[PDB]
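Presented as structure tokens, the chain that follows is alone, the form deposited in one PDB entry.
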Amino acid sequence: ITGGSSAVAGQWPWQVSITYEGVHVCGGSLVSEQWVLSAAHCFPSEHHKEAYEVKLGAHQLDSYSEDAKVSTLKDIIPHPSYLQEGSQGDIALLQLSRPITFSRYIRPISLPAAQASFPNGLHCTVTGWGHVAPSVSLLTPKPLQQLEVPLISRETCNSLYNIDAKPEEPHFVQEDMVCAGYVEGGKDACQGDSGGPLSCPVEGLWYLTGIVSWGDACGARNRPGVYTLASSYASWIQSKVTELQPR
């Protein structure tokens, strides 16, 4: 996250860190005792399931904490429509190997209904342990970063991405995506934030409005972060989790 600030421990208790072969690669959001949502692009087919871990209840990634829990994954389920980089369906359900117990530092985030609308300009927050500037790593001990970002409609976002765009390097914000951030840049998610939550405030609660999908903008002007809408997948998430692990 570039241009944000350090969250405090317990502030975003649904934020998780996903590691591959011990290295943080993406964020994710806890959505129940045994399920996390992240981005499909974080789980390439070539990777081995057994090499992933999810760290929950973490504030500083490099710090030991008695509140944190680390888990392996029993199942990784990218949405079937995710075909390639930039694609729609950039979302994945991950089932932890074992259920965790909720605590002051580990709590799920409520998912929006299929038709929940989060209005243009709503101030949401994106969190993550990704780079704090282009090709600049968050410095140890790596306190979770947070950034308040207004929602930007996919239509506006597509117009921005068109500005000084590389003809070959397209950036189409799909119908299942929304953007958030600032036209003037300096403040966005960076490499390592993708898969993580865009948490929006509604009615005194927080909802997972989005999952960081293109999380490499890293403060470029005219390049707000692009998020997969959780609402677009409410039905699918509910169907997969109910079938696979009913309550």
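In this text, the rigid core denotes the largest set of C-alpha atoms whose superposition between the two forms falls within 1.5 Å. So that there is no doubt, residue numbering starts at 1 and follows the sequence shown.
J.: Looking at the deposited entry, does 201 to 209 or 58 to 66 carry the larger mean Cα B-factor?
T.: Taking the mean C-alpha B-factor of 201 to 209 and of 58 to 66, the larger value falls to 58 to 66.
J.: With reference to the PDB entry, specify whether the mean Cα temperature factor is higher for 131 to 139 or for 98 to 106.
T.: Averaged over C-alpha atoms, the B-factors run higher in 131 to 139.
J.: Which is it among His171, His79, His123, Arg154: the one with the largest CA B-factor in the entry?
T.: When the deposited C-alpha B-factors of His171, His79, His123, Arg154 are compared, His171 is largest.
J.: Per the PDB entry, which option out of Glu50, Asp193, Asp188, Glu184 has the greatest Cα B factor?
T.: Comparing C-alpha B-factors across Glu50, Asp193, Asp188, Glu184, the top value belongs to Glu184.
J.: Lowest, middle or highest third: which one holds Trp35 when the chain's residues are ordered by CA B-factor from the entry?
T.: Lowest third - that is where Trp35 ends up once the chain's C-alpha B-factors are sorted.
J.: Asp176's Cα B-factor: lowest, middle or highest third of the chain?
T.: Tercile = middle for this residue's CA B-factor.
J.: Is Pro167 in the lowest, middle or highest third of its chain when residues are ranked by C-alpha B-factor?
T.: For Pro167, the deposited C-alpha B-factor lands in the highest third.
J.: Please say which third, lowest, middle or highest, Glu148 falls into when its CA temperature factor is compared across its chain.
T.: Middle third by C-alpha B-factor.
J.: Pull the Cα B-factor of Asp75 out of the PDB entry and bin it into the chain's lowest, middle or highest third.
T.: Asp75: CA B-factor falls in the middle third of its chain.
There is also a form solved in complex with a small molecule; it is not shown, and the following applies to it.
J.: Sort through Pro170, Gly121, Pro80, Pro141 and report the residue having a heavy atom within 4.5 Å of the small molecule in the deposited complex.
T.: Flagged contact: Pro170.
J.: Does any heavy atom of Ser71 come within 4.5 Å of a heavy atom of the small molecule in the deposited complex?
T.: No, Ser71 stays farther than 4.5 Å from the small molecule in the deposited complex.
J.: Check whether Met177 has any heavy atom within 4.5 Å of a heavy atom of the small molecule in the deposited complex, and answer yes or no.
T.: Residue-level check for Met177: yes, a contact with the small molecule.
J.: Indicate whether the small molecule has at least one heavy atom within 4.5 Å of a heavy atom of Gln191 in the deposited complex.
T.: Although the small molecule is absent here, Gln191 would touch it in the deposited complex, with heavy atoms inside 4.5 Å.
J.: So in the deposited complex, does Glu53 come within 4.5 Å of the small molecule, heavy atom to heavy atom?
T.: Judged by the heavy-atom cut-off of 4.5 Å, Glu53 is well away from the small molecule in the deposited complex.
J.: With the small molecule left out here, work out from 197 to 205, 30 to 38, 63 to 71, 181 to 189 which stretch has heavy atoms within 4.5 Å of it in the deposited complex.
T.: Among the candidates, contact is made by 181 to 189.
J.: Tell me, with the core superposed, which single residue in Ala217, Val178, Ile211, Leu56 has its C-alpha moved by at least 2 Å between the shown form and the other one.
T.: Residue with a C-alpha shift of 2 Å or more: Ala217.
J.: Given a change of 3 Å or more, say if the Cα atoms of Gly215 and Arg223 sit closer or farther in the deposited complex than in this form.
T.: Relative to the displayed form, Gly215 and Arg223 draw closer in the deposited complex - a change of at least 3 Å between their C-alphas.
J.: Since the Cα separation of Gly215 and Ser159 moves by 3 Å or more in the deposited complex, tell me which way: closer or farther than here.
T.: Here the pair is farther apart than in the deposited complex; there, closer.
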